[PDB]
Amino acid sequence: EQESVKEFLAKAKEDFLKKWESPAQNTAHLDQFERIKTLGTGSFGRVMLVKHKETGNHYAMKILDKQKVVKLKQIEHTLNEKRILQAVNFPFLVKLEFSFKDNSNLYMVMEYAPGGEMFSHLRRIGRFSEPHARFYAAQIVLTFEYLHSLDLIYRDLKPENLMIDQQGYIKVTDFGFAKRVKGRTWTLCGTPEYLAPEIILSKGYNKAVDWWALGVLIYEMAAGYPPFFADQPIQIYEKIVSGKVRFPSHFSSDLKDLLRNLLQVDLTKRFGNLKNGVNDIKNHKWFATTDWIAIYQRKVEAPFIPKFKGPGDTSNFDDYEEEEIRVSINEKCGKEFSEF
């Protein structure tokens, strides 16, 4: 099944570079969608549930205010997230259906994940059973095998960015911190609790930081809380760099072993960063029962299937105040976002 994987990534790389070098642009217009309800807001602007007026298909539309993006100094970040979304294709990566812009905003119309934010589900149940956590972890492992083969580093893995779809599978969202790089980079970015030691420290780092983040995720999913936490980020960094980790007593021995190899301060030993690469992870005992191809094919029964009343149902998301989408009579930051 190894020959197929190598063959799979080969074609995947071919399809990726064609789109990466020739990105799609202006594939739709705002008036084609009816705004329904806001699913989330904040710095990233806002994500609304919308409905294509003719097909009746529902989507999650991320709206960014150009002037705001400039103020936040996120110009390159936003252009890059879109360039990446339109070029990638993987079962667990959220799909970009359409993208366009007008005088005031930038829009990314993506596939809607009805199930809700993983964050919500975790804080709701407390913690996921090891089998439940494993089902999700497997999807991430494959997603990172895919992304890393394209020299793409994610850099913002966390329950907050993982959506749950109708079949209970994952949809990774937000690539505003992702980057295409072979070798090392130095940017301090990400979410405090999930930063690898080498990101906090001034020295450069590589894709190995995604594998450390995977360790933090598995740990939070199975414990109900992260391995390193405190009131303030600087205190959290202190704990991370020390690397002292304690595990709940209910953690199986093999789970602790896997975590010891992922939350490994020494790169020469961190799983995912050795000679056998991702295979050290896929062949670890904790994953003994995992049917990798079946996961990729979405054939495995999800241990948790979120409720779903309809394709336009938003009962699995929080409530937000609605705000009129205003479009300035004048074009703003045309030069800055010409590539979008």
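The numbering used is simple: start at 1 and walk along the sequence shown.
Looking at 243 to 251 and 195 to 203 together, the entry lists the larger mean B-factor for 243 to 251, computed on C-alpha atoms.
Note on 39 to 47 vs 280 to 288: mean CA B-factor is higher in 39 to 47. The top Cα temperature factor in the record, among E117, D165, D231, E145, falls on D231. Among the modelled residues of its chain, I153 has a C-alpha B-factor that falls in the lowest third, as given in the PDB entry. When the CA B factors of the chain's modelled residues are split into thirds, the value for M221 lands in the lowest one. When the modelled residues of the chain are ordered by C-alpha B-factor, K68 sits in the middle third.
Remark: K101 belongs to the lowest third of its chain, ranked by C-alpha B-factor as recorded.
Annotation for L274: C-alpha temperature factor in the highest third relative to the rest of the modelled chain, per the entry.
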